[PDB]
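Asks: Protein chains in written order, with my numbering: chain A, 113 to 500; chain B, 113 to 500; chain C, 3 to 111; chain D, 3 to 111; chain E, 3 to 111; chain F, 94 to 222.
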Amino acid sequence: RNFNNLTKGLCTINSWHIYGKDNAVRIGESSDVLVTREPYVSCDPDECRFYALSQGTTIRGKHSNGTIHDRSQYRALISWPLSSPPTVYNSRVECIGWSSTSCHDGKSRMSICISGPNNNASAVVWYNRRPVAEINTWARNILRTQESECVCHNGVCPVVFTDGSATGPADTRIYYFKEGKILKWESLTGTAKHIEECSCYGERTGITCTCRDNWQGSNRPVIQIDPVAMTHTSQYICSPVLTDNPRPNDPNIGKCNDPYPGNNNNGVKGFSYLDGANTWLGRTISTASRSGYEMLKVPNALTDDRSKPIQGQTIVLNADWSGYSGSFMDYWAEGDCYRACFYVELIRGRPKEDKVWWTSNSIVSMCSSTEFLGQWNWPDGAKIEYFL
Amino acid sequence: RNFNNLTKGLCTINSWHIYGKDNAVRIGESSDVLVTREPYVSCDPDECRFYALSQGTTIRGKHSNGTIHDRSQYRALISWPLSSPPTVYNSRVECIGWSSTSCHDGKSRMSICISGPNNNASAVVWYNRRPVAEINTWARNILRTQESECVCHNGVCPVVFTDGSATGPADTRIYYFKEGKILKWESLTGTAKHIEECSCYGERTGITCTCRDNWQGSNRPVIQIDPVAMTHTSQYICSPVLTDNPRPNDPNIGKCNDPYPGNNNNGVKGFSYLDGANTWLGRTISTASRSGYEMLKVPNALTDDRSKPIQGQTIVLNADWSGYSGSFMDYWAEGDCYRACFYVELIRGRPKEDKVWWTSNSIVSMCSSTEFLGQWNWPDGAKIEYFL
Amino acid sequence: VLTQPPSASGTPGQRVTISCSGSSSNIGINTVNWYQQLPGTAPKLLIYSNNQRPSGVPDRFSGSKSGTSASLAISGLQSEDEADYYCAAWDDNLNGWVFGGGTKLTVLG
Amino acid sequence: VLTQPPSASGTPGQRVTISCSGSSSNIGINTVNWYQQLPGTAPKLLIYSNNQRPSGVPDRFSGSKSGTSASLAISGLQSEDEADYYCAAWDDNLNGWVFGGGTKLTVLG
Amino acid sequence: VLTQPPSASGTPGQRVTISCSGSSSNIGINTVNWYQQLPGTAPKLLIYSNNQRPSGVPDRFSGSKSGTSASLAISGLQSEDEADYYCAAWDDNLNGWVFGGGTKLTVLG
Amino acid sequence: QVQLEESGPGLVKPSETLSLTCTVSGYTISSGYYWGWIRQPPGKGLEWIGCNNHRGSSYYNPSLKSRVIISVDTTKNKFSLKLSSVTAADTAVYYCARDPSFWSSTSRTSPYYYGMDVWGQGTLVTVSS
Ligand SMILES: *[C@@H]1O[C@H](CO)[C@@H](O[C@@H]2O[C@H](CO)[C@@H](O[C@@H]3O[C@H](CO[C@H]4O[C@H](CO[C@H]5O[C@H](CO)[C@@H](O)[C@H](O)[C@@H]5O)[C@@H](O)[C@H](O[C@H]5O[C@H](CO)[C@@H](O)[C@H](O)[C@@H]5O)[C@@H]4O)[C@@H](O)[C@H](O[C@H]4O[C@H](CO)[C@@H](O)[C@H](O)[C@@H]4O[C@H]4O[C@H](CO)[C@@H](O)[C@H](O)[C@@H]4O[C@H]4O[C@H](CO)[C@@H](O)[C@H](O)[C@@H]4O)[C@@H]3O)[C@H](O)[C@H]2NC(C)=O)[C@H](O)[C@H]1NC(C)=O
Ligand SMILES: *[C@@H]1O[C@H](CO)[C@@H](O[C@@H]2O[C@H](CO)[C@@H](O[C@@H]3O[C@H](CO[C@H]4O[C@H](CO[C@H]5O[C@H](CO)[C@@H](O)[C@H](O)[C@@H]5O)[C@@H](O)[C@H](O[C@H]5O[C@H](CO)[C@@H](O)[C@H](O)[C@@H]5O)[C@@H]4O)[C@@H](O)[C@H](O[C@H]4O[C@H](CO)[C@@H](O)[C@H](O)[C@@H]4O[C@H]4O[C@H](CO)[C@@H](O)[C@H](O)[C@@H]4O[C@H]4O[C@H](CO)[C@@H](O)[C@H](O)[C@@H]4O)[C@@H]3O)[C@H](O)[C@H]2NC(C)=O)[C@H](O)[C@H]1NC(C)=O
Ligand SMILES: *[C@@H]1O[C@H](CO)[C@@H](O[C@@H]2O[C@H](CO)[C@@H](O)[C@H](O)[C@H]2NC(C)=O)[C@H](O)[C@H]1NC(C)=O
Ligand SMILES: *[C@@H]1O[C@H](CO)[C@@H](O[C@@H]2O[C@H](CO)[C@@H](O)[C@H](O)[C@H]2NC(C)=O)[C@H](O)[C@H]1NC(C)=O
Ligand SMILES: *[C@@H]1O[C@H](CO)[C@@H](O)[C@H](O)[C@H]1NC(C)=O
Ligand SMILES: *[C@@H]1O[C@H](CO)[C@@H](O)[C@H](O)[C@H]1NC(C)=O
């Protein structure tokens with residue numbers, strides 16, 4: 113084979129349609145389904161799979177008690193076929209660690225996993241199932257990565273890392289990898305102030321990433337990466353549509369070389385597709401909780417500080433619990449453009465449901481269409497009382 | 113394909129990083145996971161798998177009562193993907209027997225398994241999934257083998273066997289196999305006095321094996337095998353760092369043409385990487401029990417009887433139960449050197465935990481790195497009370 | 003460990019038996035031996051190989067084995083047969099001579 | 003949260019101890035500190051790094067840790083040692099200074 | 003079938019409410035309507051689309067919906083409001099107009 | 094010897110933001126030790142709130158973060174604590190303290206996690222109508 117190149121444009125997005133859904137909790141009630149968090153979707157040239165970090169226990173086991181904590185020596189990155197639940201008998205382990213990211217470059221898959229204590233943390237870069245290279249910490253404060261998939265161009269796969277306070281300035285770096293090896297890295301630049309958990313996609317040029325600001329505001333940072341030059345810049349989305357959670361109420365005028373204030377030290381992973389007029393943003397419905405989920409068509413959101421939605425679609429009702437979301441694409445599909453897709457984590461259990469001592473998620477994902485299609489709701493459908 | 117040749121050197125080892133972990137017991141609490149012992153790791157040209165001897169029962173079944181005994185007609189060698197638990201639905205059986213070893217020569221896999229009564233025991237050599245050759249006993253006292261993987265060079269795979277008292281002199285032999293057939297064998301020679309359960313790795317020349325002395329001392333034997341000449345020698349490690357378990361307290365000066373005394377008729381499987389300055393030894397923390405595990409960098413340990421550690425890493429805390437350990441390598445990986453790796457068995461249940469009537473293990477493994485990475489702990493994380 | 007009853011009895015001239023049992027790793031696979039101990043001395047081997055006896059042992063002592071259990075039959079019980087009887091076998095899990103404790107045989111009268 | 007008993011006691015001159023315990027994310031991995039609070043003021047650090055003490059702290063105060071539990075031993079108990087004692091440790095799940103509540107040490111007499 | 007309480011009551015001038023609930027296939031997704039039936043006649047539509055009312059319906063009748071439940075609030079309760087009130091919604095599993103039975107609202111005095 | 098002293102209002106109404114300032118003297122805080130705050134309800138034990146340094150590398154108690162801000166003014170050698178939406182449960186003694194952890198004291202021979210060696214005398218804050 114050869115390396116995948118970013119040559120096609122994005123398809124026009126008129127509506128979204130369902131791509132996949134595992135119903136992991138509904139199944140888990142009576143079967144050997146693993147407890148997971150932080151799911152994402154990624155495709156190889158001929159296959160799409162779900163990825164997630166498991167807790168080293170099944171939903172109904174007794175070791176499911178306390179799964180609310182996310183950094184432990186029992187966590188690992190697993191992969192399983194789309195729309196199947198993450199069962200113990202069909203999952204493959206990709207790596208070990210409490211935080212990770214992965215992607216395919218057209219020849220093979222790269223996977224980066226972070227493990228260790230909060231200070232003396234480390235990351236191991238795997239390629240084609242072999243460990244290749246390692247990274248130690250620099251700030252010594254819970255090294256973090258993207259969670260969602262990475263995008264490669266001609267063999268080069270930029271990856272975003274953070275080490276430092278999650279409630280203050282932090283040192284972030286972009287590493288450029290090829291076949292698992294480090295070509296170079298850069299200190300992050302531009303006007304964004306705090307970067308975490310970036311969701312990225314490529315088009316015909318560079319790679320665009322939507323990230324979380326977990327310090328000052330509800331205004332998401334955007335990173336623009338040029339994989340050939342291996343250079344980048346950053347800014348916030350200039351739009352009076354806030355997308356983080358929690359968030360203050362939407363202003364009439366947005367700003368973008370400064371985070372929009374009002375909700376400190378918090379936020380969630382999310383995504384956007386920025387394409388001039390063909391621009392869509394995702395967010396929760398609730399401004400105070402991880403509940404509901406919607407897509408809004410907001411033309412020129414990246415640069416127009418008075419832009420407002422002109423079209424949209426409800427994915428998850430605000431009556432239903434939501435979770436982290438992010439973007440993905442099939443870069444090997446036939447056609448002259450890429451079909452944009454995204455996924456949403458549906459979180460059940462603690463801390464919102466205190467009747468159980470575990471936490472878990474189900475996953476739903478959707479892809480764009482050029483047709484105007486109808487809409488429906490996508491809850492996980494699990495009855496918490498069945499687990500009591 | 114062709115045969116694998118031992119042509120590359122060892123990589124510099126500055127630190128160890130996690131390679132894999134199954135969490136078999138934590139999962140087993142609520143699922144159909146098999147009871148095993150004596151795990152090891154071995155790789156084919158494109159895949160790494162865990163190997164272990166199963167007891168013919170699941171952890172939560174009623175036949176798990178009494179699994180403490182290790183020689184029975186219900187034992188078999190199984191293989192399953194790295195970091196997955198040894199479940200009943202994803203394991204492949206390689207052979208039947210209570211003691212075994214295996215390895216890949218670049219074209220196919222060889223597997224040797226021992227079965228039978230304590231006196232009229234026998235071994236069957238399999239190759240490419242067919243039985244090829246058989247070996248009967250010579251001393252008639254529980255024929256034993258290496259447990260961990262074997263190393264092949266240009267098709268020849270030396271294997272170490274023992275038949276005789278485990279508490280006195282015994283007859284040991286080295287067999288040289290090719291494509292499952294016996295080319296020759298040799299009575300063991302050199303100055304080592306008692307050899308069991310050898311852990312071997314190759315470099316650019318020969319094959320180096322670290323073995324257990326289960327009779328006179330805490331000073332591990334080393335066997336040096338030349339696979340081309342099909343000849344060998346032996347000695348003990350000349351280092352005042354004892355590595356067996358139980359062991360007396362470390363002396364100031366070691367010795368090596370005689371076992372270091374003080375703890376008779378006991379000991380465990382373990383390993384070392386001997387490479388002049390780039391020398392690392394593994395051992396338990398406890399001197400009296402199979403608890404904890406650490407790696408020590410002890411330059412020139414093979415020959416310097418006053419050498420002491422200059423660097424090290426804790427793998428398992430002494431608060432946690434440990435078990436057998438050993439070495440392995442991926443001999444098909446890209447690069448100019450071999451990345452050294454090792455594994456540790458974590459034993460749970462009887463005889464240390466008398467609240468349950470079974471025994472089982474979880475497995476963790478690590479590989480070297482040239483970077484200086486931090487360290488963490490790797491317990492299995494199972495709550496014994498959940499099984500009561 | 004093999005299992006034996008703590009005692010046995012009968013009158014002179016009667017046939018009495020002592021049983022022994024348990025597992026597949028020992029008497030269930032290997033042969034079983036019987037020994038007789040008198041209060042003041044070392045035990046004597048009476049039966050070996052399930053049903054053979056050393057020269058000098060009376061033929062009133064007859065061993066038998068089946069399955070995972072075994073027994074010693076004493077025909078023509080004599081006053082002189084009052085003794086502690088022991089069952090023993092090689093047990094492959096331990097790889098060496100397991101005893102069942104003993105049975106006290108009392109001759110009545 | 004770390005666990006401590008609500009109270010402890012002894013007479014002058016006795017050796018008394020205060021325990022502290024729970025989890026693998028905190029004292030089970032990191033070091034443990036002890037602080038002493040008198041009724042009218044801020045707590046003073048007595049023990050750090052499991053068994054070290056700041057200059058000025060009497061050597062009658064001796065810390066120890068094992069497993070997932072720890073303790074503070076007070077030798078030569080004085081009337082002046084009546085105090086609220088606290089156990090604290092970094093806990094990686096929260097990533098910042100967990101306290102066990104306190105133990106009231108009463109000197110009898 | 004939707005669930006309604008069998009009765010409701012209050013005195014003139016009070017605000018009273020009638021609840022309606024159950025499932026995700028009906029009021030949980032679609033809109034809810036309310037109808038009022040007097041003892042001698044056909045029911046009248048009061049509320050449609052959760053909170054809208056047909057012309058001629060007093061503004062004392064206010065509908066509301068959330069989640070999988072809904073209610074009708076009657077402000078300024080009048081003697082004339084004594085009636086059988088019904089909750090109804092489209093239910094996609096049946097694909098056609100499910101009713102909750104009715105609630106009898108009694109004006110006291 | 095560095096001294097610490099808390100100051101600010103002893104009374105805040107419910108829902109209001111509480112603001113306390115700790116003045117540091119005898120030491121320039123731009124040098125890097127972490128400074129932070131501890132809370133002690135009148136009848137309870139100690140609770141850590143958070144700490145920060147001159148570079149803003151803050152740490153906060155997860156139960157309070159998003160409600161609480163800790164900042165450092167190197168120019169005036171002061172640091173301060175702010176908590177929005179105070180409630181009855183927030184009545185407590187607040188203390189400011191110095192923390193030499195994270196090798197911020199400029200030593201690598203120190204425990205990474207050290208403890209709090211310098212405490213101010215503290216202040217009592219009541220939340221009430
Ligand atoms: C079959 O399926 C299809 C597909 O699903 C269904 O059709 C869909 O129906 C949904 C219904 O929700 C629509 O979604 C909403 O769309 C509106 C936008 O559409 C209107 O406005 C557009 C722009 O208006 C501007 O330009 C015009 C130009 O002349 C100007 O006149 C106007 O004043 C303004 O300047 C128009 O383009 C659009 O017209 C088009 O569509 C018409 C539809 O019938 C058609 O007739 C026209 O010819 C033309 O085609 C139309 O006028 C979004 O605004 C809306 O999003 C808001 O509301 C949802 C409701 O829950 C909310 O969740 C969103 O968050 C958002 O509301 C918040 O943000 C606002 C931002 O300012 C704020 O103002 C709101 O108050 C609110 O804010 C609150 O929450 C935030 C949360 O953080 C908080 O911060 C705030 O403080 C506050 O609390 C939805 O997206 C679909 O677009 C529509 N799709 C299609 C393709 O038609 C169809 O009905 C189904 N059929 C059946 C039988 O079931
Ligand atoms: C982030 O992660 C990194 C990576 O993990 C962390 O850094 C690691 O921290 C660990 C802490 O455990 C270190 O492991 C120990 O290392 C020491 C060796 O290091 C010291 O000594 C070396 C050699 O000294 C000799 O040469 C010097 C030359 O001048 C000479 O002066 C000296 O007198 C002596 O001759 C030095 O090379 C080394 O210096 C280097 O590292 C320094 C670190 O800070 C650095 O400053 C220097 O510049 C330089 O770089 C340093 O001085 C090992 O000795 C130790 O192993 C012993 O202790 C552990 C403790 O539990 C024990 O388990 C071991 O078994 C062993 O102790 C037993 O055996 C001894 C053998 O004689 C015996 O004496 C002991 O009493 C003890 O024996 C007991 O148990 C046995 C059991 O059978 C029993 O038989 C006996 O009777 C008895 O009961 C550890 O290996 C890592 O090396 C270090 N790694 C790195 C890369 O730095 C880092 O801290 C983490 N950071 C954070 C923030 O968390
Ligand atoms: C799950 O783990 C929690 C850990 O706290 C258990 O909660 C403890 O349960 C014991 C026994 O009932 C109580 O004495 C403790 O006070 C509890 N601690 C807390 C903080 O509530 C819980 O029982 C476990 N059980 C289940 C069903 O998950
Ligand atoms: C597991 O097997 C052991 C085999 O000994 C069982 O132990 C015996 O149990 C019976 C019934 O309670 C007792 O009469 C025997 O005295 C026991 N023998 C010994 C040596 O303890 C044990 O009960 C089995 N059960 C479980 C739960 O594993
Ligand atoms: C990707 O673009 C580069 C630009 O030089 C080209 O060399 C490379 O071959 C392209 N990749 C493929 C698969 O053609
Ligand atoms: C291994 O070395 C021998 C030495 O003669 C050589 O003949 C053989 O072909 C080598 N193996 C391979 C795969 O080249």
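Virtual Cβ for every residue (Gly too), placed ideally from N, Cα, C.
#1: According to the Cβ coordinates, are D:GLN6 and D:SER21 closer than 8 Å?
#2: Which class does A:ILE254 belong to by DSSP, given the choice of helix, strand or coil?
#3: Here's the rule I'm using: 16 or more other beta-carbon atoms within 10 Å means buried, otherwise exposed. How should A:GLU159 be labelled?
#4: Got a sec, what are the start and stop residues for the beta strand (DSSP E) B:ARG242 sits in?
#5: Can you tell me where the beta strand (DSSP E) holding F:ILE122 begins and where it ends?
#6: A:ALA389 touches chain B at which residues, Cβ-Cβ below 9 Å?
#7: Where does B:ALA136 sit, in a helix, a strand or coil, going by DSSP?
#8: Start and end of the beta strand (DSSP E) containing B:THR169?
#9: Apart from the five residues just before and just after F:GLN94, which ones in its own chain have a Cβ nearer than 8 Å to its Cβ?
#10: If I measure Cβ to Cβ from A:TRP469 and keep anything under 6 Å in the same chain, skipping five residues before and after, which residues do I get?
#11: Can you tell me which of C:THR105, C:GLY111, C:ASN53 puts its alpha carbon nearest to the alpha carbon of C:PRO41?
#12: Would the beta-carbon of A:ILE397 be found less than 7 Å away from any heavy atom of ligand 1?
#13: Taking 6 Å as the limit, tell me which residues put their C-beta closer than that to any heavy atom of ligand 6, in chain order.
#14: Is any beta-carbon of chain A found at less than 8 Å from that of E:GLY42?
#15: Determine, using beta carbons only, whether F:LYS158 comes closer than 8 Å to chain A.
#16: Comparing alpha-carbon positions, which option in B:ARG221, B:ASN412, B:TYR405 lies nearest B:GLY388?
#17: Please tell me whether B:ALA431 has its Cβ less than 8 Å away from any Cβ of chain D.
#18: Measure the Cβ-Cβ separation of B:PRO197 and B:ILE190 and say whether it is below 8 Å.
#19: Between F:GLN94 and chain D, is any beta-carbon pair separated by less than 8 Å?
#20: Would the beta-carbon of A:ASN177 be found less than 7 Å away from any heavy atom of ligand 3?
#21: Distance check for A:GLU261 and A:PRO157, CA to CA, integer angstroms please.
#22: Could you please tell me which residues of the segment 158 to 192 of chain F, in chain order, have their CB closer than 7 Å to any CB of chain A?
#23: Ligand 1 and B:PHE454: does any heavy atom of the ligand fall closer than 7 Å to the residue's C-beta?
#24: Using a Cβ cut-off of 8 Å, pull out every chain A residue sitting near D:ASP83, in sequence order please.
#25: Which whole-angstrom value describes the C-beta separation of residue 112 of chain B and B:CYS123, a residue pair presumed to lie in contact below a C-beta threshold of 8 Å?
#26: Residues of chain A with CB closer than 8 Å to the CB of B:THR199, please, in chain order.
#27: So that I know if they touch, is there some Cβ in chain B lying closer than 8 Å to that of D:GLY69?
Replies: Taking the structure as given:
#1: yes
#2: coil
#3: exposed
#4: 242 to 248
#5: Counting along the chain, F:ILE122 falls outside any beta strand (DSSP E), and DSSP gives it neither H nor E.
#6: The contacting residues do not exist; A:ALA389 stays about 46 Å from chain B at best.
#7: helix
#8: 159 to 170
#9: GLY119
#10: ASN177
#11: C:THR105
#12: yes
#13: B:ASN114, B:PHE115, B:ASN117, B:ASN266
#14: no
#15: yes
#16: B:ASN412
#17: yes
#18: no
#19: no
#20: yes
#21: 14 Å
#22: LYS158, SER159, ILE162
#23: no
#24: Those do not exist, as D:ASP83 stays about 35 Å from chain A at its closest Cβ, beyond 8 Å.
#25: There is no way to answer for residue 112 of chain B, as the model of chain B reaches only from 113 to 500.
#26: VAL200, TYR201
#27: yes
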